[PDB]
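Structure first, then comments.
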Amino acid sequence: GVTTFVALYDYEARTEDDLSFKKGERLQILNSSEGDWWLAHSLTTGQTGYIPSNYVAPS
């Protein structure tokens, strides 16, 4: 199947490339190779961007 994560907290983007999301959104991780900001896609909203990885939990 598909691995997803759940947002634990709200985040409002602090850069142009960051993804804004609310607590409880379902996220898929596209790339995690650049440190503690991961490139993610929201399955909930369809938006894409960097997220702080400490804001998510495993499904």
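In the structure tokens, the first chain shown is A, the next is B, and so on; residue numbers restart at 1 for each chain, and ligands run from 1 in the order shown.
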Handout entry: Filtered DSSP result for chain A, state strand (DSSP E), as a PyMOL selection string
Key = chain A and resi 5-7+26-31+37-42+48-52+56-58
Could those selected residues go to a file with C-alpha atoms, as a JSON list (two decimals), in the first residue's frame?
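out32.json was written with the following content:
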[["chain", "number", "residue", "atom", "x", "y", "z"],
["A", 5, "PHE", "CA", 1.39, 10.66, 8.08],
["A", 6, "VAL", "CA", -0.98, 12.81, 10.12],
["A", 7, "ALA", "CA", -0.33, 16.42, 11.08],
["A", 26, "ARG", "CA", -3.09, 13.39, 5.88],
["A", 27, "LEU", "CA", 0.29, 13.89, 4.26],
["A", 28, "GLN", "CA", 2.47, 11.87, 1.94],
["A", 29, "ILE", "CA", 6.22, 12.43, 1.99],
["A", 30, "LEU", "CA", 7.82, 12.98, -1.41],
["A", 31, "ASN", "CA", 11.41, 13.53, -0.28],
["A", 37, "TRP", "CA", 12.08, 19.84, 6.53],
["A", 38, "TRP", "CA", 10.45, 17.22, 4.28],
["A", 39, "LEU", "CA", 8.78, 17.78, 0.91],
["A", 40, "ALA", "CA", 5.19, 16.64, 1.31],
["A", 41, "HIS", "CA", 1.84, 16.49, -0.46],
["A", 42, "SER", "CA", -1.44, 16.94, 1.39],
["A", 48, "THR", "CA", 2.42, 20.52, -1.87],
["A", 49, "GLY", "CA", 5.49, 21.94, -0.16],
["A", 50, "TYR", "CA", 8.01, 21.67, 2.63],
["A", 51, "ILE", "CA", 6.86, 20.77, 6.13],
["A", 52, "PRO", "CA", 8.60, 20.63, 9.50],
["A", 56, "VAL", "CA", 3.76, 14.82, 11.86],
["A", 57, "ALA", "CA", 3.05, 11.40, 13.31],
["A", 58, "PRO", "CA", 2.74, 8.04, 11.60]]
Exercise for the section: Identify, on the basis of only C-alpha atoms, every residue whose closest approach to residue 11 of chain A does not exceed 7 Å; exclude the query and any residue fewer than 4 positions from it along the same chain; express the result as a PyMOL selection string. Expected result: chain A and resi 20-22
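The space separating atom CA of residue 55 of chain A from atom CA of residue 32 of chain A comes to 13.7 Å.
Put simply, atom CA of residue 9 of chain A is 18.0 Å away from atom CA of residue 46 of chain A.
The coordinates place atom CA of residue 36 of chain A at 15.5 Å from atom CA of residue 8 of chain A.
When only C-alpha atoms are used to measure the gap to residue 43 of chain A, the shortest distance among A:12, A:59, A:4, A:19 belongs to A:4.
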